[PDB]
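Here is the structure we will look at.
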Amino acid sequence: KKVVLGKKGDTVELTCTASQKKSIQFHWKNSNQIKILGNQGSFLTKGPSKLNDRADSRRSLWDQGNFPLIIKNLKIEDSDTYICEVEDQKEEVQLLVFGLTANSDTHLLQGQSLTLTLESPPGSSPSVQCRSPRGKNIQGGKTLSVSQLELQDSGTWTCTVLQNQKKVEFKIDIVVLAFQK
Amino acid sequence: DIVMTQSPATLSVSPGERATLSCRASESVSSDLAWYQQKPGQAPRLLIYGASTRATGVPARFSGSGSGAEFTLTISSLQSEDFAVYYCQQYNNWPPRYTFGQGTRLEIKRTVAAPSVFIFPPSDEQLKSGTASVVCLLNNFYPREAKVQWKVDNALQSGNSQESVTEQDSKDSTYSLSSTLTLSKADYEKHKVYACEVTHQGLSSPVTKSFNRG
Amino acid sequence: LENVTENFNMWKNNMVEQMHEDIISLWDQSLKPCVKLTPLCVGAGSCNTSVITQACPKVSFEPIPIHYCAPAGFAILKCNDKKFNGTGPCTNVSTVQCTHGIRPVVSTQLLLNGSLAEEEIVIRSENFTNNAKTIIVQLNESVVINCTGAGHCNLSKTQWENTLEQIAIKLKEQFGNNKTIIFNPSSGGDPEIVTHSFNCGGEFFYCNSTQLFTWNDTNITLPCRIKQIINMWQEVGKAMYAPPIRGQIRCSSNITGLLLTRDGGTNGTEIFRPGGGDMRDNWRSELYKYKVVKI
Amino acid sequence: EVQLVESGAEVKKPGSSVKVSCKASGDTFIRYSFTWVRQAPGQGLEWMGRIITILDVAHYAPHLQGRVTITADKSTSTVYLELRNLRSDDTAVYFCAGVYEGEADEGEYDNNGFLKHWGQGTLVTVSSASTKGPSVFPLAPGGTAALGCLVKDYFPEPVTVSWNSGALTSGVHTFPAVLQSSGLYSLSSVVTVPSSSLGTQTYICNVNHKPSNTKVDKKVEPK
Ligand SMILES: *[C@@H]1O[C@H](CO)[C@@H](O[C@@H]2O[C@H](CO)[C@@H](O[C@@H]3O[C@H](CO[C@H]4O[C@H](CO[C@H]5O[C@H](CO)[C@@H](O)[C@H](O)[C@@H]5O)[C@@H](O)[C@H](O[C@H]5O[C@H](CO)[C@@H](O)[C@H](O)[C@@H]5O)[C@@H]4O)[C@@H](O)[C@H](O[C@H]4O[C@H](CO)[C@@H](O)[C@H](O)[C@@H]4O[C@H]4O[C@H](CO)[C@@H](O)[C@H](O)[C@@H]4O[C@H]4O[C@H](CO)[C@@H](O)[C@H](O)[C@@H]4O)[C@@H]3O)[C@H](O)[C@H]2NC(C)=O)[C@H](O)[C@H]1NC(C)=O
Ligand SMILES: *[C@@H]1O[C@H](CO)[C@@H](O[C@@H]2O[C@H](CO)[C@@H](O[C@@H]3O[C@H](CO)[C@@H](O)[C@H](O)[C@@H]3O)[C@H](O)[C@H]2NC(C)=O)[C@H](O)[C@H]1NC(C)=O
Ligand SMILES: *[C@@H]1O[C@H](CO)[C@@H](O[C@@H]2O[C@H](CO)[C@@H](O[C@@H]3O[C@H](CO)[C@@H](O)[C@H](O)[C@@H]3O)[C@H](O)[C@H]2NC(C)=O)[C@H](O)[C@H]1NC(C)=O
Ligand SMILES: *[C@@H]1O[C@H](CO)[C@@H](O[C@@H]2O[C@H](CO)[C@@H](O[C@@H]3O[C@H](CO)[C@@H](O)[C@H](O)[C@@H]3O)[C@H](O)[C@H]2NC(C)=O)[C@H](O)[C@H]1NC(C)=O
Ligand SMILES: *[C@@H]1O[C@H](CO)[C@@H](O[C@@H]2O[C@H](CO)[C@@H](O)[C@H](O)[C@H]2NC(C)=O)[C@H](O)[C@H]1NC(C)=O
Ligand SMILES: *[C@@H]1O[C@H](CO)[C@@H](O[C@@H]2O[C@H](CO)[C@@H](O)[C@H](O)[C@H]2NC(C)=O)[C@H](O)[C@H]1NC(C)=O
Ligand SMILES: *[C@@H]1O[C@H](CO)[C@@H](O[C@@H]2O[C@H](CO)[C@@H](O)[C@H](O)[C@H]2NC(C)=O)[C@H](O)[C@H]1NC(C)=O
Ligand SMILES: *[C@@H]1O[C@H](CO)[C@@H](O[C@@H]2O[C@H](CO)[C@@H](O)[C@H](O)[C@H]2NC(C)=O)[C@H](O)[C@H]1NC(C)=O
Ligand SMILES: *[C@@H]1O[C@H](CO)[C@@H](O)[C@H](O)[C@H]1NC(C)=O
């Protein structure tokens, strides 16, 4: 079970490698056996997937025997199990798209609450651990909130999300201002 | 290594008449040829491309013709702005190696005019620096061809003088030539009489303008 | 000559690969691109693109029938069985010294100047339940198409409709009668496999295949354009050719079959789109009845 | 419409390298092919090389091969010309040009070798000489008398000469500059005025040279 964790809006690449280095026939499909993308001869072909416009590959690597599946503008519903069929061999890889969005704007005042919301695909139970520039560590399953904000908490927050032993790092800039006069 | 040679080098045609320029190649360039127009201090302007076709913005009086190693640029009626330096280009061969003609200068043709020859001795301010330059001025003459010879104490001078010619005038269509003779102060005071000889078509006899030093 | 039962496999064949290399070499020696762009990678992600510029003379390009023969020590077997699906055992088998005439036509979505199936339209797929496998169609009736300069191509509407209808019938024979056959254009990709591409008079023609491939159970003019920048079918990369020669460029070709792809899946409907782009299948079309054994 | 604006003039020492830029605007950048053509003063046109924008491929002249590189930036829509190992003979006016090849993104390329559009030009002077101001000397003065000014020992080009701050126009001939063996340019400016005007009307020549940032107004007297 090969699991790949991507980021929402970002670009992810699924690797596929043959036994020998050659340009040969390969087909990337989804778990529903709907055609994602592939190649005919030296030409690139696409299937009628919902990932059509946002999916592509690297042809320069086709001569190296590597036929990667590259998807940009990642979305939550893009999470699925993809299959790469090459030389009568099926290489299966699971894709999980995650995201982290603040319930409140980056501009905040000292003492106000900072609420974080994690967008995850159905069937997954990720563990989120966030760290402020202060160096403090807070953990939560989905929603993570900080009651009292400090002036020193203004900066780049680093939140790592762990799923299936894999972990993905996020960076969210939070601006903390103060009330005086 | 296709060489583009244009003929003639300089063509003098009276305004309102027809002009004919020729461009020859070392080998057949087929249907690929380009005629350009260029004015002093300005960038070349596209006139003809493919030799069978006239470019956008180009007056219909410009007509290209010919094939292979032979080409002809024909202008029906020469206007005031039609006089310029014309070029031909070979884009034919691949991988691309392109060459241009040596250019054909079009000149306004008028009646023969005699030059006004003046001579200017070096100023005292220039002699203060330790250098001396004598200026020979030929004003308002046609054609452009003229001969200027510096003679110091009856002895002919060569290599120490330089010449410059202005573009053809827009009114009387004449020319102006300036010949500067540069010599050191030590060699300048080593002589007495400095003379400038001018040979031109408008002159029945060579005109010599001279002066005495000191 | 001799008569024995022999297993034939069209989908794995050496003649296909060798003919592929022969035609690649043919296009290499005949048609010279003005600028060739090929990828070069050491496997470290970053790939430097090498560019080779050479002379690009315009030559007259026409396919000629090419018979293939086995040298001393080898012999070619031929399946004479009618409606042979391309795989499995064969009853009537004739050993031939040379294969029949095969024109090396390089094209996508359509097979030109090929050979018709005798008794009916026959479809062939390595795995029919596999949507990734290209389906080769062989017609029992040829459809003439006239393609002219400046891209357009006029062809018979009725003949094409009836053709698509019979093909749909055969697809109903293979995939079951309860299924409804619906034809749709390409799902997208490189412009070569999206439209119908081919070489006519040394020029590369791309014609819109939408009008042909849009059909349902309940004088067609195809717009065409000459592209001087193409993707090489020989190897991955791009190549730029010389401008199209002046004068009338016209080719009348016979369509002996198509290359189709099937969408994946449910419910009750099968969608078929124009395939191709792999010329190995184009050679496999005429080479399906041949194989090589050693004596 | 087409707009081509090149880089300002450049002055380099022999052995150094020069890089000039050409800004293209008004149309699609990848649909045009760009040729660089340099012209030596007093000489004709010379083809340096031509670059295909869409394929990012450049070809060069056989004699300039390997010491010159032509590149194209599609993002900024700018064509760059780089020349290395400069020599005194490389001094010339470099013209940036281009031509419309049709739609390159759609695969249509006319591969035209001629040039429809041109730039304003960029003067590149390669010499061991240093930038300095000119020394203006008076020329002392028949129905008409001639007088003028002598511009000598300046570098680099150009130099603008006027009379009476633009008040005197008719009869003024400014000769093209000549290159002295010392490596400094020199030119003469003349004017023909009535001989009866001498002693009354004052004539002052105005010589302006931008690179050395100097302006010299010299008065011409009959004596
Ligand atoms: C699939 O297969 C098919 C079938 O093979 C392929 O179709 C062929 O495609 C090729 C190109 O790849 C075409 O080649 C052109 O041929 C024409 C002439 O065609 C006419 O004559 C044909 C020959 O018949 C003869 O010989 C056989 C064998 O001996 C014999 O059996 C037969 O009786 C006859 O004697 C006819 O077959 C053809 O009829 C067919 O096509 C008609 C139109 O489609 C159709 O209506 C008919 O029903 C019939 O099907 C037809 O009558 C050549 O003229 C042409 O050559 C010109 O163009 C090439 C570039 O392509 C160029 O290099 C040449 O220089 C030449 O260009 C000159 O002539 C032009 C005429 O307009 C002119 O415009 C140019 O300016 C130039 O003229 C200049 O130079 C000349 C010479 O210096 C000078 O005299 C002039 O003054 C001037 O300066 C091509 O070679 C075939 O036509 C075509 N065949 C068929 C069956 O249609 C198809 O390509 C394959 N598909 C694929 C994917 O490749
Ligand atoms: C096209 O025709 C060929 C030849 O008939 C078909 O190949 C045959 O495929 C069948 C299965 O569909 C094979 O049958 C198998 O027999 C073995 C015993 O040897 C048995 O254990 C299996 O359960 C199975 O029934 C058969 O071997 C095979 N013929 C050979 C010898 O290659 C082919 O299936 C046809 N194509 C399609 C798409 O139907
Ligand atoms: C299965 O294989 C057999 C064995 O080759 C095929 O029989 C052959 O069929 C061809 C064409 O029908 C015969 O050619 C004929 O030759 C005679 C002269 O004898 C000529 O007059 C005819 O015009 C034709 O060209 C050939 O004689 C015959 N060969 C043998 C040994 O029987 C048969 O065609 C194949 N089965 C099927 C379904 O076609
Ligand atoms: C012809 O194409 C069909 C359709 O793709 C192939 O059938 C597929 O065969 C594979 C095994 O090769 C089956 O995979 C199975 O998945 C189950 C879980 O559902 C797993 O437990 C098995 O270990 C196996 O991996 C797959 O179900 C099956 N596809 C369908 C839709 O039936 C067939 O293999 C191809 N024939 C040849 C000659 O390769
Ligand atoms: C090619 O196959 C088609 C489909 O079977 C044949 O079309 C039939 O032709 C017969 C006469 O030969 C007609 O009676 C049928 O009505 C046709 N079927 C349909 C539904 O179109 C065709 O005959 C075959 N080609 C040849 C030349 O035999
Ligand atoms: C190529 O296509 C054009 C456009 O369809 C054809 O023009 C038609 O020709 C038919 C006769 O075949 C006329 O009845 C129509 O009036 C024409 N249509 C138009 C709008 O002009 C043309 O015939 C085709 N060329 C060939 C040789 O088949
Ligand atoms: C090829 O032909 C098809 C069918 O005419 C074109 O698809 C149409 O594209 C237009 C926009 O150009 C859309 O408004 C229509 O909805 C499309 N029709 C269908 C049936 O989807 C296609 O644009 C053509 N391709 C090219 C490159 O010209
Ligand atoms: C279109 O296909 C038909 C059928 O294969 C071709 O007709 C043959 O033409 C050849 C000469 O080229 C004749 O010797 C054969 O007798 C014909 N076959 C039959 C059964 O009629 C035709 O040549 C093809 N058209 C083109 C332009 O190639
Ligand atoms: C194509 O055009 C040629 C020339 O007119 C004609 O002989 C042929 O019948 C046409 N083909 C079709 C199917 O219209």
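Within each chain, counting starts at residue 1; across the structure tokens, chains are named A, B, ... in the order shown, with ligands numbered 1 upward in that order.
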Distance limit 8 Å, reference ligand 6, atoms considered: only C-alpha atoms and all ligand atoms. Which residues make the cut? Give them as a list in words.
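Listed by chain and ascending number, the contacts are residues 146, 152, 153, 154, 155, 219, 220 and 221 of chain C.
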Q. Residues within 12 Å of ligand 5 (only C-alpha atoms and all ligand atoms), as number ranges by chain?
A. C: 116-122, 138-143, 158-159, 161-170
Could those residues be written to a file, using N, CA and C atoms, as a PDB file, in the first residue's frame?
```pdb
ATOM      1  N   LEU C 116      -8.681  -4.390 -47.134  1.00  0.00           N
ATOM      2  CA  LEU C 116     -10.018  -4.656 -46.605  1.00  0.00           C
ATOM      3  C   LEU C 116     -10.207  -6.114 -46.196  1.00  0.00           C
ATOM      4  N   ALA C 117     -11.046  -6.340 -45.189  1.00  0.00           N
ATOM      5  CA  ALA C 117     -11.429  -7.694 -44.801  1.00  0.00           C
ATOM      6  C   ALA C 117     -12.454  -8.235 -45.794  1.00  0.00           C
ATOM      7  N   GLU C 118     -12.314  -9.504 -46.161  1.00  0.00           N
ATOM      8  CA  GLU C 118     -13.095 -10.067 -47.259  1.00  0.00           C
ATOM      9  C   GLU C 118     -14.601 -10.199 -47.009  1.00  0.00           C
ATOM     10  N   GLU C 119     -14.982 -10.948 -45.978  1.00  0.00           N
ATOM     11  CA  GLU C 119     -16.390 -11.309 -45.804  1.00  0.00           C
ATOM     12  C   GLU C 119     -17.231 -10.365 -44.941  1.00  0.00           C
ATOM     13  N   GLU C 120     -16.575  -9.494 -44.178  1.00  0.00           N
ATOM     14  CA  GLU C 120     -17.265  -8.614 -43.228  1.00  0.00           C
ATOM     15  C   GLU C 120     -16.294  -7.717 -42.468  1.00  0.00           C
ATOM     16  N   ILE C 121     -16.843  -6.819 -41.657  1.00  0.00           N
ATOM     17  CA  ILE C 121     -16.034  -5.942 -40.817  1.00  0.00           C
ATOM     18  C   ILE C 121     -15.574  -6.677 -39.560  1.00  0.00           C
ATOM     19  N   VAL C 122     -14.265  -6.690 -39.325  1.00  0.00           N
ATOM     20  CA  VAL C 122     -13.702  -7.425 -38.196  1.00  0.00           C
ATOM     21  C   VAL C 122     -12.933  -6.521 -37.236  1.00  0.00           C
ATOM     22  N   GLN C 138     -11.302  -3.396 -39.105  1.00  0.00           N
ATOM     23  CA  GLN C 138     -11.027  -3.655 -40.513  1.00  0.00           C
ATOM     24  C   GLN C 138     -12.334  -3.757 -41.298  1.00  0.00           C
ATOM     25  N   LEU C 139     -12.552  -2.803 -42.200  1.00  0.00           N
ATOM     26  CA  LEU C 139     -13.792  -2.723 -42.969  1.00  0.00           C
ATOM     27  C   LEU C 139     -13.822  -3.702 -44.140  1.00  0.00           C
ATOM     28  N   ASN C 140     -15.025  -4.098 -44.550  1.00  0.00           N
ATOM     29  CA  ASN C 140     -15.184  -4.919 -45.747  1.00  0.00           C
ATOM     30  C   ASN C 140     -15.507  -4.072 -46.975  1.00  0.00           C
ATOM     31  N   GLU C 141     -15.610  -2.763 -46.767  1.00  0.00           N
ATOM     32  CA  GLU C 141     -15.865  -1.825 -47.852  1.00  0.00           C
ATOM     33  C   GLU C 141     -15.037  -0.558 -47.661  1.00  0.00           C
ATOM     34  N   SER C 142     -14.357  -0.131 -48.721  1.00  0.00           N
ATOM     35  CA  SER C 142     -13.493   1.044 -48.657  1.00  0.00           C
ATOM     36  C   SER C 142     -14.273   2.344 -48.825  1.00  0.00           C
ATOM     37  N   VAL C 143     -13.826   3.389 -48.135  1.00  0.00           N
ATOM     38  CA  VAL C 143     -14.441   4.706 -48.249  1.00  0.00           C
ATOM     39  C   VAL C 143     -13.431   5.725 -48.771  1.00  0.00           C
ATOM     40  N   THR C 158     -23.199   9.447 -46.519  1.00  0.00           N
ATOM     41  CA  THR C 158     -24.013   8.242 -46.393  1.00  0.00           C
ATOM     42  C   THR C 158     -23.168   6.993 -46.158  1.00  0.00           C
ATOM     43  N   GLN C 159     -22.099   6.854 -46.938  1.00  0.00           N
ATOM     44  CA  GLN C 159     -21.199   5.713 -46.816  1.00  0.00           C
ATOM     45  C   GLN C 159     -20.560   5.668 -45.433  1.00  0.00           C
ATOM     46  N   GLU C 161     -21.813   7.082 -42.659  1.00  0.00           N
ATOM     47  CA  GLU C 161     -22.870   6.797 -41.693  1.00  0.00           C
ATOM     48  C   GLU C 161     -23.161   5.302 -41.630  1.00  0.00           C
ATOM     49  N   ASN C 162     -23.304   4.684 -42.798  1.00  0.00           N
ATOM     50  CA  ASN C 162     -23.544   3.249 -42.881  1.00  0.00           C
ATOM     51  C   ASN C 162     -22.367   2.463 -42.310  1.00  0.00           C
ATOM     52  N   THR C 163     -21.159   2.951 -42.575  1.00  0.00           N
ATOM     53  CA  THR C 163     -19.944   2.336 -42.052  1.00  0.00           C
ATOM     54  C   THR C 163     -19.943   2.348 -40.527  1.00  0.00           C
ATOM     55  N   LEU C 164     -20.177   3.525 -39.952  1.00  0.00           N
ATOM     56  CA  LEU C 164     -20.251   3.678 -38.503  1.00  0.00           C
ATOM     57  C   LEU C 164     -21.353   2.806 -37.919  1.00  0.00           C
ATOM     58  N   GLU C 165     -22.436   2.650 -38.674  1.00  0.00           N
ATOM     59  CA  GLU C 165     -23.552   1.821 -38.241  1.00  0.00           C
ATOM     60  C   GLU C 165     -23.150   0.351 -38.156  1.00  0.00           C
ATOM     61  N   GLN C 166     -22.485  -0.148 -39.195  1.00  0.00           N
ATOM     62  CA  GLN C 166     -22.045  -1.543 -39.222  1.00  0.00           C
ATOM     63  C   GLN C 166     -20.981  -1.812 -38.156  1.00  0.00           C
ATOM     64  N   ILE C 167     -20.063  -0.863 -37.990  1.00  0.00           N
ATOM     65  CA  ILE C 167     -19.049  -0.955 -36.945  1.00  0.00           C
ATOM     66  C   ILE C 167     -19.720  -1.026 -35.579  1.00  0.00           C
ATOM     67  N   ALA C 168     -20.740  -0.194 -35.388  1.00  0.00           N
ATOM     68  CA  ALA C 168     -21.519  -0.196 -34.156  1.00  0.00           C
ATOM     69  C   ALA C 168     -22.199  -1.544 -33.947  1.00  0.00           C
ATOM     70  N   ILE C 169     -22.661  -2.148 -35.039  1.00  0.00           N
ATOM     71  CA  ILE C 169     -23.275  -3.471 -34.978  1.00  0.00           C
ATOM     72  C   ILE C 169     -22.271  -4.519 -34.503  1.00  0.00           C
ATOM     73  N   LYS C 170     -21.070  -4.488 -35.073  1.00  0.00           N
ATOM     74  CA  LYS C 170     -20.011  -5.405 -34.663  1.00  0.00           C
ATOM     75  C   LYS C 170     -19.634  -5.199 -33.196  1.00  0.00           C
TER      76      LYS C 170
END
```
query = So which residues of segment 6-160 of chain A fall under strand (DSSP E) by DSSP, listed as an MDAnalysis selection string?
reply = chainID A and resid 6:7 12:14 26:29 35:40 43:46 55:56 69:71 80:86 89:102 107:109 114:119 127:131 137:140 144:146 155:160
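Residues from chain C that have an atom within 7 Å of chain D, counting only C-alpha atoms, are residues 227, 228, 229 and 243 of chain C.
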For the residues selected in the previous step, produce a file with C-alpha atoms as a PDB file, in the first residue's frame.
```
ATOM      1  CA  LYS C 227       1.315  22.298 -39.381  1.00  0.00           C
ATOM      2  CA  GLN C 228       5.046  22.779 -39.893  1.00  0.00           C
ATOM      3  CA  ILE C 229       5.663  22.149 -36.198  1.00  0.00           C
ATOM      4  CA  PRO C 243       6.802  25.823 -45.411  1.00  0.00           C
TER       5      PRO C 243
END
```
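Any residue of chain B with an atom within 9 Å of chain C counts; using only C-alpha atoms, that gives residues 93, 94 and 95 of chain B.
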#### Entry: Nearby residues, ligand 3, 7 Å, only C-alpha atoms and all ligand atoms, as a list in words
residues 1, 80, 81, 82, 92, 93 and 94 of chain C
- Task: Using only C-alpha atoms and all ligand atoms, find each protein or nucleic acid residue lying at most 7 Å from ligand 7; present the set as a list in words.
- Result: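 Using only C-alpha atoms and all ligand atoms, I find these residues within 7 Å of ligand 7: residues 208, 209, 210 and 211 of chain C.
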What are the residues of chain D that have an atom within 8 Å of an atom of chain B, counting only C-alpha atoms, as a PyMOL selection string?
chain D and resi 43-47+59-62+95+112-121+137-141+146+173-178+188
List as an MDAnalysis selection string the protein and nucleic acid residues lying within 6 Å of ligand 4, with only C-alpha atoms and all ligand atoms counted.
chainID C and resid 127 129:130
Restrict the selected residues to C-alpha atoms and save them as a short mmCIF file (atom, residue, chain, number, x, y, z; two decimals), in the first residue's frame.
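Dumped everything to selection.cif:
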```cif
data_model
loop_
_atom_site.label_atom_id
_atom_site.label_comp_id
_atom_site.auth_asym_id
_atom_site.auth_seq_id
_atom_site.Cartn_x
_atom_site.Cartn_y
_atom_site.Cartn_z
CA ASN C 127 -7.96 -7.50 -24.29
CA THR C 129 -12.35 -5.93 -21.32
CA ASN C 130 -9.31 -3.66 -21.07
#
```
Self-check item: Option closest in space to chain A, from C:200, C:191, C:174, C:205 [counting only C-alpha atoms]
Solution: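 Distance minimum relative to chain A lands on C:191.
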- Find the residue from C:17, C:62, C:28, C:173 that sits nearest to ligand 2; use only C-alpha atoms and all ligand atoms when measuring.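 Nearest to ligand 2: C:173.
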Given a cut-off of 7 Å, what residues near ligand 1 show up using only C-alpha atoms and all ligand atoms, put as number ranges by chain? C: 59-63, 105-107, 112-113, 146, 198-202, 246-254
Against chain A, which residues of chain C fall within 6 Å? For each one I want the closest pair of atoms and the distance in Å (one decimal), counting only C-alpha atoms, rows by chain and increasing residue number, as CSV.
```
residue,atom,partner,partner_atom,distance
C:39,CA,A:60,CA,5.2
C:187,CA,A:47,CA,5.4
C:188,CA,A:46,CA,5.4
C:189,CA,A:45,CA,4.6
C:190,CA,A:44,CA,5.5
C:233,CA,A:42,CA,5.3
C:235,CA,A:42,CA,6.0
C:236,CA,A:42,CA,5.0
C:264,CA,A:34,CA,4.5
C:265,CA,A:34,CA,5.8
C:277,CA,A:40,CA,5.2
C:278,CA,A:41,CA,4.0
```
